[PDB]
Amino acid sequence: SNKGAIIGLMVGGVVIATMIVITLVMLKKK
């Protein structure tokens, strides 16, 4: 199985996801 390989793809997806997760926080600040 080796679930460690899954993390490899999480490194690239988290980079772009970092902008989406913040977009919501900025809305709450209002």
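In this view, residue numbering begins from 1 on each chain in the order the sequence is written and may differ from the entry, while residues that lack coordinates are not shown. Think of the side-chain values as coming from all heavy atoms in the structure, minus any hydrogens and water.

As stated in the entry header, the method of structure determination is solution NMR.

**Student:** Even after reading the chapter, I still don't get the UniProt feature "transmembrane region" in the protein chain, so can you show me in this structure?
**Tutor:** Here, UniProt's "transmembrane region" annotation points to residues 6–26. Secondary structure is summarised from DSSP: a helix means a run of H or I of at least four residues, a strand means a run of E of at least two, and numbering begins at the N terminus for each. As a span, residues 6–26 carries 100% helix and 0% strand, and end to end its C-alpha atoms are 30 Å apart. UniProt positions are given in the numbering used here, feature names are shortened, and annotations may be inferred rather than shown by experiment.

**Student:** Just checking my understanding: could you explain the environment of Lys3 for this structure?
**Tutor:** Here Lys3 shows up in the segment before α1 (4–28). Relative accessible area decides the class of each residue, using a 1.4 Å probe on protein chains only: under 20% of the type maximum gives buried, over 50% gives exposed, and in between gives partly exposed. A relative accessible area of 66% places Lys3 in the exposed class. C-alpha separation for the pair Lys3 and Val15, spaced twelve residues apart in sequence, amounts to 20 Å.

**Student:** Sorry if this is basic, but what is going on with α1 here?
**Tutor:** What sets the pattern is the α-helix's 3.6 residues per turn: residues three or four places apart point alike. Between its first and last C-alpha atoms α1 spans 35 Å; for 25 residues at 1.5 Å apiece the expected length is 36 Å, and the two agree. We define the bend at each residue as the angle formed by axes fitted to the 7 residues ending at it and the 7 residues starting at it. In the structure, α1 departs most strongly from a straight axis at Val14, where the bend amounts to approximately 35°. Where burial is concerned, little of α1 is hidden: zero out of the 25 residues are buried. To estimate the expected span of a helix, count its residues, drop one, and scale the result by 1.5 Å.

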